[PDB]
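Here is the structure we will look at, set down as structure tokens.
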Amino acid sequence: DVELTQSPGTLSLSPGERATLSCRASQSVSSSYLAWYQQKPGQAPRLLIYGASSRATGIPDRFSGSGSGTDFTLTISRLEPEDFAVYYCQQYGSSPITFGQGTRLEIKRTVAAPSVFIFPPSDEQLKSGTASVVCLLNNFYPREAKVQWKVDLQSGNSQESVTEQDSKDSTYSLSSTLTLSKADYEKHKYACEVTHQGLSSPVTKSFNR
Amino acid sequence: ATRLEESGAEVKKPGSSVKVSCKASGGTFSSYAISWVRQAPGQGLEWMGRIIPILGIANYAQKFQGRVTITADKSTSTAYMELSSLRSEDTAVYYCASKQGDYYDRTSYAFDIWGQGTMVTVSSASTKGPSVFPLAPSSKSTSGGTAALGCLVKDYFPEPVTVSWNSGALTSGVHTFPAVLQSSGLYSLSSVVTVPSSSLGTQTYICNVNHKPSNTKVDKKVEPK
Amino acid sequence: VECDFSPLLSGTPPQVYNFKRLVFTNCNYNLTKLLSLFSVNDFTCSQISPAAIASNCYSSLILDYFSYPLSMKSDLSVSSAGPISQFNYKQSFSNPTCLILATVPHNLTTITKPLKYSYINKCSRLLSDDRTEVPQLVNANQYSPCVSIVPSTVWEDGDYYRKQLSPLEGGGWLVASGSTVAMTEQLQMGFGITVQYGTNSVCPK
């Protein structure tokens with residue numbers, strides 16, 4: 001199909017600033033046949049622009065599109081807090097219709113280091129045969145975080161989760177879950193190593209069975 | 001104005017076929033160019049086909065030229081999408097979409113009418129409630145006179161579960177994490193809350209977990225140990 | 001005092017459903033001069049002859065021109081159940097007419113090509129009850145009702161357009177769909193000539 005490549009994957013800006021989202025195309029697309037959508041967690045996409053000059057009804061005039069040929073642009077004049085969402089381009093001049101990967105727009109807060117907490121399994125859970133060793137980074141910004149698990153470097157059994165940016169303090173929070181069975185868990189006695197731009201030295205967090 | 005209401009979420013075994021519906025209300029129906037776009041979790045958007053009821057027949061993308069069957073019943077103001085020979089990558093939210101107003105040139109392929117969506121899950125694993133494990137607070141969950149505790153609602157199917165604190169009393173500083181998919185083929189999520197340490201002896205903390213699919217409402221007290 | 005056929009030679013000729021129409025009165029015409037600039041592929045008349053239409057006097061002469069692919073020559077006949085005469089262009093049956101299909105040679109550079117040929121394959125009215133369809137057949141010497149909701153050139157075969165009618169107009173929608181045809185190396189045009197005898201000032205040279 002036609003390949004639509006958006007950039008940057010994630011955009012960090014403060015309310016009141018000017019956003020510039022790019023959409024590059026593998027072939028030439030008539031600008032008559034390019035649109036832009038906004039999507040927010042848990043919701044259908046919403047049409048914003050369908051160039052070359054249309055704008056969808058009820059859509060703030062602070063979104064405008066430009067560009068031709070291969071490189072297209074969604075400009076957002078002045079960000080308001082509710083403009084922070086995922087943005088998608090779409091071409092519909094060539095079959096089939098293709099969309100883009102997505103640009104994510106999130107608020108650029110100041111730097112903030114996380115709280116690190118570990119939750120050993122529950123004796124509730126042990127009698128069922130499994131273990132779960134959840135670590136927790138809390139209310140940090142930015143989002144980029146490597147958390148490594150060392151007992152006594154462990155790879156292939158954990159997992160990660162992240163929240164949407166928080167509405168008030170615009171921070172993120174993360175949960176890692178280690179999954180052993182009753183047996184293997186009881187062969188050993190647990191740290192959670194966290195690296196982040198708010199920690200000059202990678203921080204560790206220890207608990208022994 | 002005109003709106004699109006889709007059919008409820010629905011679970012299907014690999015290899016089966018699903019029929020998602022999309023009913024229109026608030027205006028008319030037969031002139032609309034109704035598309036189907038699907039979206040896999042954490043992934044972008046994918047167009048599948050489209051039907052214009054009076055024009056008779058649908059038209060599909062080549063990828064899904066199997067397989068997908070889009071039809072419309074002008075009396076129900078309902079259109080349907082059907083997708084055969086399911087597969088673990090065919091699990092996604094399936095959106096019903098269209099354009100409002102007059103249609104000039106290719107403008108009916110820009111979508112400003114969307115349905116709520118329909119989550120279609122393909123998995124072998126069978127319909128089963130969760131199980132919540134006290135995620136107790138400790139001296140290691142502690143900084144600044146605050147104490148992080150939580151719950152772990154593990155191995156349920158299918159999505160979703162709603163997690164509440166103290167029947168609704170406690171909402172601030174909560175972080176219910178979004179589910180992950182475990183190697184098990186079943187989801188776990190961990191909900192957490194940040195309370196003052198002082199209250200650990202005076203204020204109890206109970207998580208409520210609703211798994212509407214399995215018919216499973218479960219409270220689970222959490223306290224230090 | 002001489003009928004000006006020049007406009008035909010400048011620009012992109014419209015698609016058939018948007019045919020351009022030059023009406024002439026009180027002027028002299030050299031029809032061979034115009035046709036000798038093209039490679040005429042067909043030249044068919046109804047109730048007049050190529051020789052006669054080139055040399056009679058009329059009360060008006062009317063020349064339609066458009067982009068039209070030779071491959072569809074058959075569709076351009078009054079006796080065709082096809083979409084070209086149902087919803088696009090239909091010639092008078094109460095006046096003598098000729099129909100010329102021509103190919104634009106390479107020294108004819110002021111005529112330009114659209115991206116493709118295209119026409120209307122449906123122009124129907126959808127009644128306010130939203131279930132019954134009423135095809136709007138085109139009339140001789142008129143444009144399809146749908147010309148204003150169909151773009152200058154269709155972009156993709158099968159595109160679908162629609163316009164809502166006010167309640168005064170009976171509600172429902174006006175509804176149309178377009179077809180496309182691969183362009184040719186040289187532009188292919190149709191010319192429609194219909195002459196009226198009345199009192200006859202339009203004469204040859």
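Following the order of the structure tokens, first chain is A, next is B, and so on, with residues numbered from 1 inside each chain and ligands from 1 in the order they appear.
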
Residue set, stretch 172-219 of chain B restricted to strand (DSSP E or B), as a ChimeraX atom specification: /B:175-176,180-181,187-196,205-211,216-219

For stretch 184-187 of chain A: contacts at 10 Å, only C-alpha atoms, fewer than 3 positions along chain excluded, given as a ChimeraX atom specification: /A:121,126,129-133,179-181,209

Against chain B, which residues of chain C fall within 8 Å? For each one I want the closest pair of atoms and the distance in Å (one decimal), counting only C-alpha atoms, rows by chain and increasing residue number, as JSON lines.
{"residue": "C:130", "atom": "CA", "partner": "B:30", "partner_atom": "CA", "distance": 6.2}
{"residue": "C:131", "atom": "CA", "partner": "B:30", "partner_atom": "CA", "distance": 7.1}
{"residue": "C:149", "atom": "CA", "partner": "B:104", "partner_atom": "CA", "distance": 6.2}
{"residue": "C:150", "atom": "CA", "partner": "B:104", "partner_atom": "CA", "distance": 7.0}
{"residue": "C:151", "atom": "CA", "partner": "B:105", "partner_atom": "CA", "distance": 6.0}
{"residue": "C:154", "atom": "CA", "partner": "B:105", "partner_atom": "CA", "distance": 7.3}
{"residue": "C:155", "atom": "CA", "partner": "B:105", "partner_atom": "CA", "distance": 7.3}
{"residue": "C:159", "atom": "CA", "partner": "B:106", "partner_atom": "CA", "distance": 6.9}
{"residue": "C:160", "atom": "CA", "partner": "B:103", "partner_atom": "CA", "distance": 7.4}
{"residue": "C:161", "atom": "CA", "partner": "B:103", "partner_atom": "CA", "distance": 4.7}
{"residue": "C:162", "atom": "CA", "partner": "B:103", "partner_atom": "CA", "distance": 4.9}
{"residue": "C:163", "atom": "CA", "partner": "B:102", "partner_atom": "CA", "distance": 4.8}
{"residue": "C:164", "atom": "CA", "partner": "B:102", "partner_atom": "CA", "distance": 6.3}
{"residue": "C:173", "atom": "CA", "partner": "B:31", "partner_atom": "CA", "distance": 7.5}
{"residue": "C:175", "atom": "CA", "partner": "B:31", "partner_atom": "CA", "distance": 7.7}

Nearby residues (only C-alpha atoms) at most 9 Å from stretch 152-169 of chain A, same-chain spacing under 3 positions excluded, as a PyMOL selection string: (chain A and resi 41+106-107+109+133-134+139+143+148-149+172-180+188-191) or (chain B and resi 175-183+189-190)

Based on the selection just made, write N, CA and C atoms of those residues as an mmCIF file, in the first residue's frame.
data_model
loop_
_atom_site.group_PDB
_atom_site.id
_atom_site.type_symbol
_atom_site.label_atom_id
_atom_site.label_comp_id
_atom_site.auth_asym_id
_atom_site.auth_seq_id
_atom_site.Cartn_x
_atom_site.Cartn_y
_atom_site.Cartn_z
ATOM 1 N N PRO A 41 -7.139 8.222 24.880
ATOM 2 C CA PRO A 41 -7.330 6.912 25.510
ATOM 3 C C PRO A 41 -8.779 6.511 25.728
ATOM 4 N N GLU A 106 2.387 14.782 24.643
ATOM 5 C CA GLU A 106 2.309 14.706 26.090
ATOM 6 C C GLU A 106 2.951 15.956 26.659
ATOM 7 N N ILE A 107 2.611 16.269 27.909
ATOM 8 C CA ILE A 107 3.017 17.538 28.508
ATOM 9 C C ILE A 107 4.458 17.450 28.980
ATOM 10 N N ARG A 109 6.622 18.356 31.535
ATOM 11 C CA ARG A 109 6.848 18.739 32.919
ATOM 12 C C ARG A 109 8.346 18.863 33.191
ATOM 13 N N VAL A 133 6.147 -10.906 42.070
ATOM 14 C CA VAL A 133 6.998 -9.953 42.770
ATOM 15 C C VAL A 133 6.896 -8.604 42.075
ATOM 16 N N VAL A 134 5.909 -7.796 42.435
ATOM 17 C CA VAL A 134 5.664 -6.555 41.713
ATOM 18 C C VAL A 134 6.524 -5.440 42.281
ATOM 19 N N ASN A 139 4.938 8.180 40.095
ATOM 20 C CA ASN A 139 4.895 9.611 39.828
ATOM 21 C C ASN A 139 6.271 10.143 39.444
ATOM 22 N N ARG A 143 8.995 9.562 30.832
ATOM 23 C CA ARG A 143 8.456 8.214 30.766
ATOM 24 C C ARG A 143 9.522 7.148 30.561
ATOM 25 N N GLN A 148 15.526 -3.197 35.776
ATOM 26 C CA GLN A 148 16.117 -4.530 35.734
ATOM 27 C C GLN A 148 15.939 -5.238 37.072
ATOM 28 N N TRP A 149 15.701 -6.545 37.008
ATOM 29 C CA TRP A 149 15.437 -7.382 38.174
ATOM 30 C C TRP A 149 16.575 -8.381 38.364
ATOM 31 N N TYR A 172 3.998 9.930 35.303
ATOM 32 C CA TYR A 172 3.735 8.552 34.918
ATOM 33 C C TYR A 172 3.984 7.621 36.105
ATOM 34 N N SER A 173 3.473 6.399 36.006
ATOM 35 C CA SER A 173 3.723 5.395 37.031
ATOM 36 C C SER A 173 3.704 4.007 36.398
ATOM 37 N N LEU A 174 4.552 3.107 36.921
ATOM 38 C CA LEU A 174 4.922 1.854 36.256
ATOM 39 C C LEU A 174 4.921 0.675 37.226
ATOM 40 N N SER A 175 4.408 -0.474 36.773
ATOM 41 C CA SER A 175 4.363 -1.714 37.551
ATOM 42 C C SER A 175 5.012 -2.856 36.771
ATOM 43 N N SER A 176 6.014 -3.498 37.375
ATOM 44 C CA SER A 176 6.675 -4.679 36.826
ATOM 45 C C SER A 176 6.258 -5.902 37.633
ATOM 46 N N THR A 177 5.936 -7.007 36.963
ATOM 47 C CA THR A 177 5.459 -8.219 37.639
ATOM 48 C C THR A 177 6.303 -9.428 37.239
ATOM 49 N N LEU A 178 6.949 -10.043 38.229
ATOM 50 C CA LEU A 178 7.714 -11.266 38.037
ATOM 51 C C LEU A 178 6.809 -12.449 38.314
ATOM 52 N N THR A 179 6.810 -13.432 37.429
ATOM 53 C CA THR A 179 5.934 -14.588 37.588
ATOM 54 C C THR A 179 6.769 -15.865 37.649
ATOM 55 N N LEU A 180 6.910 -16.418 38.856
ATOM 56 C CA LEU A 180 7.450 -17.746 39.121
ATOM 57 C C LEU A 180 6.316 -18.681 39.522
ATOM 58 N N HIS A 188 15.312 -19.635 46.405
ATOM 59 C CA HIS A 188 16.164 -18.458 46.386
ATOM 60 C C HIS A 188 15.625 -17.387 47.321
ATOM 61 N N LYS A 189 16.511 -16.466 47.700
ATOM 62 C CA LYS A 189 16.162 -15.361 48.585
ATOM 63 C C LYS A 189 16.758 -14.036 48.102
ATOM 64 N N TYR A 190 16.323 -10.644 46.417
ATOM 65 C CA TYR A 190 15.372 -10.043 45.479
ATOM 66 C C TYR A 190 15.524 -8.536 45.449
ATOM 67 N N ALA A 191 15.974 -8.021 44.312
ATOM 68 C CA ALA A 191 16.160 -6.594 44.128
ATOM 69 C C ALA A 191 15.537 -6.166 42.808
ATOM 70 N N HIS B 175 -3.542 4.522 41.334
ATOM 71 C CA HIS B 175 -3.041 4.171 40.010
ATOM 72 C C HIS B 175 -3.502 2.743 39.771
ATOM 73 N N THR B 176 -4.633 2.573 39.102
ATOM 74 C CA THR B 176 -4.960 1.270 38.551
ATOM 75 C C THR B 176 -4.246 1.139 37.216
ATOM 76 N N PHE B 177 -3.302 0.187 37.128
ATOM 77 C CA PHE B 177 -2.523 0.018 35.911
ATOM 78 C C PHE B 177 -3.348 -0.692 34.846
ATOM 79 N N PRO B 178 -3.067 -0.427 33.577
ATOM 80 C CA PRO B 178 -3.757 -1.154 32.513
ATOM 81 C C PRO B 178 -3.231 -2.572 32.417
ATOM 82 N N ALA B 179 -4.148 -3.505 32.175
ATOM 83 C CA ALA B 179 -3.797 -4.914 32.108
ATOM 84 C C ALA B 179 -2.631 -5.149 31.155
ATOM 85 N N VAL B 180 -1.882 -6.209 31.421
ATOM 86 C CA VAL B 180 -0.976 -6.774 30.441
ATOM 87 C C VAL B 180 -1.498 -8.150 30.068
ATOM 88 N N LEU B 181 -0.898 -8.731 29.040
ATOM 89 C CA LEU B 181 -1.167 -10.113 28.675
ATOM 90 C C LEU B 181 0.003 -10.965 29.133
ATOM 91 N N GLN B 182 -0.300 -12.005 29.888
ATOM 92 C CA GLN B 182 0.745 -12.858 30.414
ATOM 93 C C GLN B 182 0.939 -14.039 29.478
ATOM 94 N N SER B 183 2.133 -14.639 29.555
ATOM 95 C CA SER B 183 2.411 -15.863 28.798
ATOM 96 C C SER B 183 1.280 -16.871 28.949
ATOM 97 N N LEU B 189 -3.566 -7.326 36.205
ATOM 98 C CA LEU B 189 -3.254 -5.924 36.426
ATOM 99 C C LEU B 189 -3.074 -5.706 37.915
ATOM 100 N N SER B 190 -2.279 -4.701 38.243
ATOM 101 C CA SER B 190 -1.986 -4.360 39.623
ATOM 102 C C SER B 190 -2.440 -2.929 39.881
#

Expected answer as a ChimeraX atom specification: chain A residues within 7 Å of chain B, only C-alpha atoms: /A:35,44,46-47,50,92,96-102,117-119,122,124-125,161-163

Nearby residues (only C-alpha atoms) at most 12 Å from residue C:36, same-chain spacing under 3 positions excluded, as a list in words: residues 30, 31, 32, 33, 39, 40, 41, 102, 103, 104, 105 and 108 of chain C

Put those residues in a file: N, CA, C and O atoms, as a PDB file, in the first residue's frame.
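Result file is again.pdb:
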ATOM      1  N   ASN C  30     -16.047  27.493 -41.503  1.00  0.00           N
ATOM      2  CA  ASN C  30     -15.249  26.582 -42.317  1.00  0.00           C
ATOM      3  C   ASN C  30     -15.030  25.373 -41.414  1.00  0.00           C
ATOM      4  O   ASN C  30     -14.162  25.375 -40.541  1.00  0.00           O
ATOM      5  N   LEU C  31     -15.870  24.358 -41.591  1.00  0.00           N
ATOM      6  CA  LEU C  31     -15.828  23.207 -40.698  1.00  0.00           C
ATOM      7  C   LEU C  31     -14.636  22.316 -41.004  1.00  0.00           C
ATOM      8  O   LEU C  31     -14.027  21.753 -40.090  1.00  0.00           O
ATOM      9  N   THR C  32     -14.286  22.168 -42.284  1.00  0.00           N
ATOM     10  CA  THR C  32     -13.112  21.376 -42.622  1.00  0.00           C
ATOM     11  C   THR C  32     -11.864  21.972 -41.988  1.00  0.00           C
ATOM     12  O   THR C  32     -10.992  21.237 -41.514  1.00  0.00           O
ATOM     13  N   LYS C  33     -11.776  23.306 -41.942  1.00  0.00           N
ATOM     14  CA  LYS C  33     -10.620  23.940 -41.324  1.00  0.00           C
ATOM     15  C   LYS C  33     -10.429  23.450 -39.898  1.00  0.00           C
ATOM     16  O   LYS C  33      -9.308  23.158 -39.479  1.00  0.00           O
ATOM     17  N   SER C  39      -7.063  14.069 -36.178  1.00  0.00           N
ATOM     18  CA  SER C  39      -7.177  12.820 -36.931  1.00  0.00           C
ATOM     19  C   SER C  39      -8.568  12.266 -36.662  1.00  0.00           C
ATOM     20  O   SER C  39      -8.802  11.620 -35.641  1.00  0.00           O
ATOM     21  N   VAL C  40      -9.500  12.536 -37.573  1.00  0.00           N
ATOM     22  CA  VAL C  40     -10.882  12.134 -37.369  1.00  0.00           C
ATOM     23  C   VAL C  40     -10.977  10.626 -37.495  1.00  0.00           C
ATOM     24  O   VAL C  40     -10.585  10.049 -38.508  1.00  0.00           O
ATOM     25  N   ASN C  41     -11.490   9.977 -36.464  1.00  0.00           N
ATOM     26  CA  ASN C  41     -11.664   8.539 -36.480  1.00  0.00           C
ATOM     27  C   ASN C  41     -13.061   8.111 -36.911  1.00  0.00           C
ATOM     28  O   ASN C  41     -13.205   7.121 -37.621  1.00  0.00           O
ATOM     29  N   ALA C 102     -12.461  12.086 -32.644  1.00  0.00           N
ATOM     30  CA  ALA C 102     -11.199  12.502 -33.218  1.00  0.00           C
ATOM     31  C   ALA C 102     -10.090  12.283 -32.208  1.00  0.00           C
ATOM     32  O   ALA C 102     -10.322  12.193 -31.006  1.00  0.00           O
ATOM     33  N   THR C 103      -8.879  12.170 -32.725  1.00  0.00           N
ATOM     34  CA  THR C 103      -7.672  11.952 -31.945  1.00  0.00           C
ATOM     35  C   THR C 103      -6.798  13.175 -32.130  1.00  0.00           C
ATOM     36  O   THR C 103      -6.686  13.695 -33.242  1.00  0.00           O
ATOM     37  N   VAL C 104      -6.205  13.648 -31.040  1.00  0.00           N
ATOM     38  CA  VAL C 104      -5.434  14.886 -31.044  1.00  0.00           C
ATOM     39  C   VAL C 104      -4.001  14.555 -31.454  1.00  0.00           C
ATOM     40  O   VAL C 104      -3.305  13.856 -30.712  1.00  0.00           O
ATOM     41  N   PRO C 105      -3.524  15.046 -32.590  1.00  0.00           N
ATOM     42  CA  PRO C 105      -2.143  14.794 -32.991  1.00  0.00           C
ATOM     43  C   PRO C 105      -1.159  15.573 -32.137  1.00  0.00           C
ATOM     44  O   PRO C 105      -1.518  16.431 -31.334  1.00  0.00           O
ATOM     45  N   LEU C 108      -0.747  19.378 -32.090  1.00  0.00           N
ATOM     46  CA  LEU C 108      -1.851  20.067 -31.438  1.00  0.00           C
ATOM     47  C   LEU C 108      -1.533  20.025 -29.956  1.00  0.00           C
ATOM     48  O   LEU C 108      -1.922  19.107 -29.240  1.00  0.00           O
TER      49      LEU C 108
END

Between chain A and chain C, at 12 Å or less, what are the per-residue closest atom pairs and their distances in Å? Count only C-alpha atoms, order by chain and rising residue number, and return it as CSV.
residue,atom,partner,partner_atom,distance
A:30,CA,C:155,CA,10.8
A:32,CA,C:155,CA,10.7
A:33,CA,C:155,CA,10.5
A:92,CA,C:156,CA,10.6
A:93,CA,C:155,CA,8.0
A:94,CA,C:156,CA,8.7
A:95,CA,C:156,CA,9.3
A:96,CA,C:156,CA,11.6

Written file, previous selection with N, CA, C and O atoms, as a PDB file, in the first residue's frame:
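The resulting file, part.pdb, is shown below:
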ATOM      1  N   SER A  30      -1.762  13.373  -3.485  1.00  0.00           N
ATOM      2  CA  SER A  30      -2.453  14.637  -3.665  1.00  0.00           C
ATOM      3  C   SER A  30      -2.888  15.153  -2.308  1.00  0.00           C
ATOM      4  O   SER A  30      -3.411  14.400  -1.492  1.00  0.00           O
ATOM      5  N   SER A  32      -5.322  16.767  -1.721  1.00  0.00           N
ATOM      6  CA  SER A  32      -6.760  16.648  -1.612  1.00  0.00           C
ATOM      7  C   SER A  32      -7.174  15.449  -0.783  1.00  0.00           C
ATOM      8  O   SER A  32      -8.341  15.358  -0.386  1.00  0.00           O
ATOM      9  N   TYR A  33      -6.251  14.525  -0.524  1.00  0.00           N
ATOM     10  CA  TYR A  33      -6.589  13.197  -0.067  1.00  0.00           C
ATOM     11  C   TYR A  33      -5.783  12.827   1.156  1.00  0.00           C
ATOM     12  O   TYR A  33      -5.373  11.687   1.332  1.00  0.00           O
ATOM     13  N   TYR A  92      -6.140   8.859   1.459  1.00  0.00           N
ATOM     14  CA  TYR A  92      -7.267   8.156   0.871  1.00  0.00           C
ATOM     15  C   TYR A  92      -7.393   8.459  -0.606  1.00  0.00           C
ATOM     16  O   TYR A  92      -8.495   8.433  -1.162  1.00  0.00           O
ATOM     17  N   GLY A  93      -6.267   8.731  -1.253  1.00  0.00           N
ATOM     18  CA  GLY A  93      -6.213   8.825  -2.689  1.00  0.00           C
ATOM     19  C   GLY A  93      -5.830   7.529  -3.365  1.00  0.00           C
ATOM     20  O   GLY A  93      -6.174   7.323  -4.522  1.00  0.00           O
ATOM     21  N   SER A  94      -5.127   6.645  -2.661  1.00  0.00           N
ATOM     22  CA  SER A  94      -4.681   5.360  -3.192  1.00  0.00           C
ATOM     23  C   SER A  94      -5.286   4.222  -2.394  1.00  0.00           C
ATOM     24  O   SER A  94      -5.459   4.323  -1.183  1.00  0.00           O
ATOM     25  N   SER A  95      -5.608   3.136  -3.083  1.00  0.00           N
ATOM     26  CA  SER A  95      -6.196   1.968  -2.428  1.00  0.00           C
ATOM     27  C   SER A  95      -5.119   0.970  -2.046  1.00  0.00           C
ATOM     28  O   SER A  95      -4.190   0.723  -2.816  1.00  0.00           O
ATOM     29  N   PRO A  96      -5.224   0.415  -0.832  1.00  0.00           N
ATOM     30  CA  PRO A  96      -6.298   0.779   0.093  1.00  0.00           C
ATOM     31  C   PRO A  96      -5.946   2.021   0.910  1.00  0.00           C
ATOM     32  O   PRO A  96      -4.820   2.513   0.816  1.00  0.00           O
TER      33      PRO A  96
END

Residues of stretch 46-141 of chain A in helix (DSSP H, G or I), written as a PyMOL selection string: chain A and resi 81-83+123-126

Output for the residues just chosen: N, CA and C atoms as a short mmCIF file (atom, residue, chain, number, x, y, z; two decimals), in the first residue's frame:
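Dumped to result.cif:
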data_model
loop_
_atom_site.label_atom_id
_atom_site.label_comp_id
_atom_site.auth_asym_id
_atom_site.auth_seq_id
_atom_site.Cartn_x
_atom_site.Cartn_y
_atom_site.Cartn_z
N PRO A 81 -4.67 22.31 27.27
CA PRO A 81 -4.40 21.03 27.95
C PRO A 81 -5.08 19.84 27.31
N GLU A 82 -6.25 20.03 26.70
CA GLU A 82 -6.99 18.91 26.14
C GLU A 82 -6.47 18.48 24.78
N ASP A 83 -5.51 19.18 24.20
CA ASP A 83 -4.95 18.79 22.92
C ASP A 83 -3.92 17.69 23.04
N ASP A 123 1.34 -14.85 50.86
CA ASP A 123 1.13 -16.22 51.29
C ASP A 123 -0.23 -16.73 50.83
N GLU A 124 -1.16 -15.82 50.55
CA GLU A 124 -2.38 -16.19 49.85
C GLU A 124 -2.05 -16.89 48.54
N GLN A 125 -1.14 -16.30 47.76
CA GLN A 125 -0.85 -16.76 46.41
C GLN A 125 0.01 -18.01 46.41
N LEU A 126 0.86 -18.16 47.43
CA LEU A 126 1.76 -19.30 47.47
C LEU A 126 0.99 -20.60 47.54
#
